[PDB]
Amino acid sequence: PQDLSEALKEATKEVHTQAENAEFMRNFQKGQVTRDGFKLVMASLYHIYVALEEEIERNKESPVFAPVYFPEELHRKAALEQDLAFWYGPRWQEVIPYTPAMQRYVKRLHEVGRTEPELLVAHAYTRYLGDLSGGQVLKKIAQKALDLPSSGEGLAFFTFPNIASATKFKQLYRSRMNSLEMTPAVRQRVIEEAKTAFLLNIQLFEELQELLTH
């Protein structure tokens, strides 16, 4: 479509559906998810966000990203750090897994943020808006499947405290995206990257399923 936020949504509808149907993901939604499986996803999210957020902090000033820089409303590293301390304990940083699929997603994120930051938005959109959209559902699922204690910890990731209305925020984010100024050449690179980001998630899910079935 015309608006970037639309072109993105439409250009990734296919890969997005593949993501949904990925065995691991498909099972998660079907309510079937183990703690180890859940821990693997959380550990993955931590790594991905740590990388993504580092790159965002590096290019926040650039015009290629500034318009969609919403640190307070979206940052997840800290939330994830709280959750992993709960899921893996006080030395989670020294025990959480860091698999190849994860490693590869991180690598691309740093590649983008270092050499082609104009593509960073493709990842911020993919991750933030995706997690913001599916967050409420997935939470209740793992909340019902895992049956965690009353510790009052472990799921901070599913709550963006600095965002009152997900809907209104998404509207604002999309708008800032469409306001993002880029040449058509770049716009196409951003679209591709978004498909890449999905693929990366897909590879990731597939690898986790593989690890779990063993």
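Take the two forms, find the largest set of C-alpha atoms that superpose within 1.5 Å, and that set is the rigid core. One-based numbering along the sequence shown.
**Q** Which stretch is more displaced from the shown form in 6 other deposited structures of this protein, 24-32 or 60-68, with RMS over structures and residues of Cα positions after a rigid core fit?
**A** Larger mean C-alpha displacement, comparing 24-32 and 60-68 in 6 other deposited structures of this protein, is found in 24-32.
**Q** How do 38-46 and 144-152 compare in 6 other deposited structures of this protein: which one has C-alphas farther from this form after the rigid core is matched?
**A** If we average over structures and residues in 6 other deposited structures of this protein, the farther stretch is 144-152.
**Q** Should the higher mean CA B-factor in the entry be assigned to 174-182 or to 43-51?
**A** Higher of the two, by average CA B-factor, is 174-182.
**Q** Looking at the deposited entry, does 126-134 or 67-75 carry the larger mean Cα B-factor?
**A** The stretch with the larger mean CA B-factor is 126-134.
**Q** Sorting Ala166, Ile56, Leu146, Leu155 by Cα temperature factor from the record, which one lands on top?
**A** Result of the comparison over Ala166, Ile56, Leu146, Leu155: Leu146.
**Q** Among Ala142, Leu84, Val121, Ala101, where is the Cα temperature factor highest, going by the PDB entry?
**A** Checking the PDB record, the top C-alpha B-factor among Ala142, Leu84, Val121, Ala101 is at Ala142.
**Q** Should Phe38 be placed in the lowest, middle or highest third of its chain by the C-alpha B factor in the entry?
**A** Middle third.
**Q** Check where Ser62 lands among this chain's C-alpha B-factors and tell me if it's the lowest, middle or highest third.
**A** As the PDB entry reports it, the C-alpha B-factor of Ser62 lands in the middle third of its chain.
**Q** If you rank the chain by CA B-factor, which third does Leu200 end up in: lowest, middle or highest?
**A** For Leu200, whose C-alpha B-factor we compare with every modelled residue in the chain, the answer is the lowest third.
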